[PDB]
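Next come the chains, spelled out residue by residue.
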Amino acid sequence: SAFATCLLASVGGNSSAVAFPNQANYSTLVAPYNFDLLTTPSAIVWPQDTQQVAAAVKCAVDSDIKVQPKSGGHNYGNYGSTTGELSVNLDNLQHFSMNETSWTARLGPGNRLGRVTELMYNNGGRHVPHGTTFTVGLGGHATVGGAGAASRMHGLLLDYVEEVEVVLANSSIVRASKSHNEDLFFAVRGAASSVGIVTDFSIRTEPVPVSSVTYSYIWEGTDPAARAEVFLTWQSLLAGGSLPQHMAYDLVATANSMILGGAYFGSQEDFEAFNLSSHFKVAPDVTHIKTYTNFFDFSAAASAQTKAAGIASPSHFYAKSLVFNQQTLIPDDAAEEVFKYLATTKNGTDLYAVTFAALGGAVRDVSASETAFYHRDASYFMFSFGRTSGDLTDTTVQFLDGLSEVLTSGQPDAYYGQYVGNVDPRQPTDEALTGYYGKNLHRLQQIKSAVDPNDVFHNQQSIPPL
Ligand SMILES: *Cc1cc2c(cc1C)nc1c(=O)[nH]c(=O)nc-1n2C[C@H](O)[C@H](O)[C@H](O)COP(=O)(O)OP(=O)(O)OC[C@H]1O[C@@H](n2cnc3c(N)ncnc32)[C@H](O)[C@@H]1O
Ligand SMILES: *[C@@H]1O[C@H](CO)[C@@H](O[C@@H]2O[C@H](CO)[C@@H](O[C@H]3O[C@H](CO[C@H]4O[C@H](CO)[C@@H](O)[C@H](O)[C@@H]4O)[C@@H](O)[C@H](O)[C@@H]3O)[C@H](O)[C@H]2NC(C)=O)[C@H](O)[C@H]1NC(C)=O
Ligand SMILES: *[C@@H]1O[C@H](CO)[C@@H](O[C@@H]2O[C@H](CO)[C@@H](O)[C@H](O)[C@H]2NC(C)=O)[C@H](O)[C@H]1NC(C)=O
Ligand SMILES: *[C@@H]1O[C@H](CO)[C@@H](O[C@@H]2O[C@H](CO)[C@@H](O)[C@H](O)[C@H]2NC(C)=O)[C@H](O)[C@H]1NC(C)=O
Ligand SMILES: *[C@@H]1O[C@H](CO)[C@@H](O)[C@H](O)[C@H]1NC(C)=O
Ligand SMILES: *[C@@H]1O[C@H](CO)[C@@H](O)[C@H](O)[C@H]1NC(C)=O
């Protein structure tokens, strides 16, 4: 086809840097993360640099094909491999350099977070707040938000993004920053996937913490009332404002445990002195506290823990998200109903996790309207994850759907955000857009119309032009 010819030329005739349906191994090359929502892109291309990205986009445009990039491939709907669209695989764009005058790093989108973490540490003992899973790609992560262990302390990853290079739908290459193409910069910091392909990032850094203390307190058992009590305490201690601003603080419910976990940036002695578990009516069954003098080790261990938990690998699953704030905190009775629901509902899973992850702190230092990330006044995220041994069934979809309903049952008609970093393809696109972007939606549609009127950069739940 013209498309195939064009697209081979976009990578300089390197036939290893393009793949088409009907090539051997195509479904493996697509590399699904979610194993249920398998896709067949019209082609996959592996550009070497920005120019080849721009060339490949043009090939799609010339053949009336739409485009998504793929960096780490962690999208929960495999949207970076959308069916019938060009998948621009950015695995080759993994450059890294450190400006030691400012400790600002310049990095390609194909860097996965484990490499980002290693290279920032090695280049002068630096880091930036980001997520905990090492296989997440920077390209899709810095462009949605990027919340992790250091976020209460320092904010989102995208709060450290100072400049980007972006390939636009017409194959123009631009830069964006707070001082230049400010509108594009707004959209890239939380909604890049709808407006262009980020081919380079300049990211400010912080010195690593001197001391990083991981904690984990576990309550074992299946009693819904006991579990609700742990949740309610967890929620009220967060809402009360007594927690140290810098400390990561999360609660994970599984079928047989509640795990209060996080990170404290200070001495183990000072952490232990704070006596976090004393606020709970029932003492945890297990406490694990570990100090890391090396921040790379801390980060590697955090990544290894989520992988070991079974919730961080390509798999069959469904997953949903919600944002809660001081105005939508879950009432006592609804929390009781949440844990009753988890206790008795037929779930179809081989594993589930319901994660409550505190935000606040430095995340709130930036206003909702300053970047495309809307949820700045959030108290916490709720992420639900239901893994299955074989193909997903409606049992598990209904399970998570009904869970979101009971979680919001204290105030069913209030606004609830969703994190666009954890896409939920099994809902109306209208509800998704409203959840993902909130009142930033209108401005994003304006920018979409400005930079991509023909909707080249499209997925199931992308921002539509006006
Ligand atoms: C899989 C996963 C995700 C995850 C997580 C744990 C796991 C196991 N833990 C997270 C956490 O602790 N904190 C957080 O903030 N997010 C966490 N996530 C979610 C992760 O941030 C998102 O899934 C993120 O978007 C993944 O990025 P990645 O780069 O790996 O994924 P992708 O499928 O290739 O892309 C996602 C979407 O963004 C678009 N994209 C990709 N690259 C670009 C560039 N360069 N420019 C513009 N858009 C880009 C894709 O097209 C897709 O729509
Ligand atoms: C609500 O969700 C619960 C959580 O998923 C459901 O329980 C789960 O039920 C499945 C199916 O019965 C069960 O499957 C696994 O059980 C064996 C033991 O677990 C192994 O898991 C690790 C890997 O994760 C494995 O490497 C270890 O050897 C470990 O022993 C497995 O051998 C088997 O192949 C299968 O994977 C889950 O264990 C079970 N989870 C728990 C912790 O209970 C529950 O059924 C559901 N309830 C309702 C009402 O629907
Ligand atoms: C031809 O294209 C392929 C794909 O881009 C290139 O192979 C990759 O090379 C990198 C090293 O630069 C390896 O780490 C990857 O595993 C390869 N990616 C694949 C196979 O998808 C190859 O270098 C290119 N040849 C050139 C540029 O002459
Ligand atoms: C390709 O599209 C971009 C984005 O619409 C165009 O850039 C804009 O051009 C208008 C009018 O000149 C400016 O007001 C905007 O500030 C530009 N936006 C950017 C750069 O983000 C660009 O001109 C188009 N290129 C071609 C050759 O048509
Ligand atoms: C496809 O993958 C298999 C297994 O990984 C490999 O042995 C084979 O050489 C691949 N085929 C092609 C045409 O690359
Ligand atoms: C923490 O609080 C509990 C009471 O809930 C108390 O028994 C324990 O001694 C305290 N631990 C400290 C401060 O080391």
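Residues numbered from 1 in each chain as written, not as in the entry; some residues may be left out. Chains lettered and ligands numbered in written order. Heavy atoms only, no water. Residues with missing side-chain atoms left out of burial classes, pairs and counts.

- As named in the PDB entry, the protein is FAD-linked oxidoreductase sorD, taken from Penicillium rubens Wisconsin 54-1255.
- The PDB lists this entry under the title "FAD-dependent oxidase sorD".
- Taken directly from UniProt, the Cofactor text for the protein runs: "FAD". (UniProt positions renumbered as here; feature names shortened; annotations may be inferred.)

**As for the side chain of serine 10**
Then comes step 1: Take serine 10: it is sitting in helix α1 (residues 2–10).
Then comes step 2: The exposure class assigned to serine 10 is buried, which follows from its relative accessible area of 6%.
Then comes step 3: A polar contact is formed between the side chain of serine 10 and the backbone oxygen of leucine 7, at a distance of 2.6 Å.
Then comes step 4: Leave out the neighbours within four places in its chain, and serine 10 touches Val45, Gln52, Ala55, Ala56 and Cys59. (Helix = DSSP H or I, 4+ residues; strand = E, 2+ residues; numbered from the N terminus. Buried < 20%, exposed > 50% of the residue type's maximum accessible area, 1.4 Å probe, protein only. Polar contact = N/O pair within 3.5 Å; in protein donor to acceptor, adjacent residues only side chain to side chain. Contact = heavy atoms within 4.5 Å.)

**Some thoughts on the environment of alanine 372**
Then comes step 1: Of note, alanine 372 is situated in the loop between β17 (351–358) and β18 (380–388).
Then comes step 2: Along the sequence, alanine 372 and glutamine 305 sit 67 residues apart, while their C-alpha atoms lie 30 Å from each other.
Then comes step 3: In this structure, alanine 372 is in contact with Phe186, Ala187, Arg189, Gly190, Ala191, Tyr437, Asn440 and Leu444, ignoring residues within four places of it in sequence.

**Things to note about empty space enclosed by the protein**
Then comes step 1: Reported here for the largest cavity is a volume of approximately 120 Å³.
Then comes step 2: Together, 13 residues line the largest cavity, and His130, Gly131, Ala149, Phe298 and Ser299 are the ones closest to its centre.
Then comes step 3: For the lining of the largest cavity, the leading source of residues is helix α10 (residues 295–309), giving four residues.
Then comes step 4: The residue inventory of the lining of the largest cavity, partitioned by class, reads eight nonpolar, five polar and no charged. (1 Å grid on protein atoms, 1.4 Å probe; cavity = no way out; pocket = protein on both sides within 12 Å on 5 of 7 lines; lining within 4 Å. Points joined across faces, edges and corners; volume = space filled by probe spheres on them. Nonpolar A, V, L, I, M, F, W, Y, C, P; charged D, E, K, R; others polar.)

**Here's the deal with the site of ligand 3**
Then comes step 1: Taken together, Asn14, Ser16, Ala17, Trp46, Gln48 and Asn92 are the residues near ligand 3.
Then comes step 2: In this structure, an oxygen atom belonging to ligand 3 sits 2.3 Å away from a side-chain N or O atom of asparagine 14.
Then comes step 3: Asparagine 92 is positioned with one of its side-chain polar atoms (N or O) 2.8 Å from an oxygen atom of ligand 3.
Then comes step 4: In isolation ligand 3 offers 570 Å² of accessible surface; the protein chains occlude 38% of this area. (Near = heavy atom within 4 Å. Areas by Shrake-Rupley, 256 points an atom, 1.4 Å probe, with all protein chains shown as cover.)

**Side note on the nonpolar core**
Then comes step 1: Counting residues in hydrophobic clusters, the biggest one holds 57 residues, and the most contacted among them are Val164, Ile203 and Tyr437.
Then comes step 2: No other element matches helix α7 (residues 182–191), which puts six residues into this core.
Then comes step 3: Leave out the neighbours within four places in its chain, and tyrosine 437 touches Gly190, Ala191, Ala372, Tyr374, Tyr415, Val420, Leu444 and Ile463.
Then comes step 4: Within the second largest apolar cluster, 46 residues are counted, among which are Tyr249, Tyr318, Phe339 and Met382. (Core = buried A, V, L, I, M, F, W, Y, C linked by side-chain atoms within 4.5 Å.)

**Focus: the sheet that holds β18**
Then comes step 1: Strand order in the open sheet formed by seven strands is β15-β12-β14-β13-β17-β18-β16, with antiparallel pairing between adjacent strands. The sheet is open, and its two edges are formed by β15 (286–292) and β16 (316–324), each paired on a single side. Averaged over all neighbouring strand pairs, the angle between strand axes comes to 15°, with direction disregarded.
Then comes step 2: Sheet topology note: the β16/β18 ladder contains nine bridges and is antiparallel. Counted as the bridge partner of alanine 319 is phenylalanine 385 from β18.
Then comes step 3: Those strands touched by helix α8 (residues 224–240) are β12 (212–220), β13 (248–253), β14 (257–264), β17 and β18, and its axis lies near 160° from that of β13. (Pairing = 2+ DSSP bridges. Axes fitted to C-alpha atoms, helices over the stretch in contact; angles between N-to-C directions.)

**A closer look at helix α11 (residues 332–344)**
Then comes step 1: Over its 13 residues, α11 runs 19 Å from end to end, which matches the ideal 18 Å to within 8%, given 1.5 Å per residue.
Then comes step 2: All of the buried residues in α11 are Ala334, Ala335, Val338, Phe339, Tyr341 and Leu342. The arc enclosing the buried residues of α11, seen along the axis, measures out at 150°, which places them on a common side. The exposed residues of α11 that point more than 90 degrees off its buried face are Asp332, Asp333 and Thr344. (Expected span 1.5 Å × (residues − 1). Arc of directions from axis to C-beta.)

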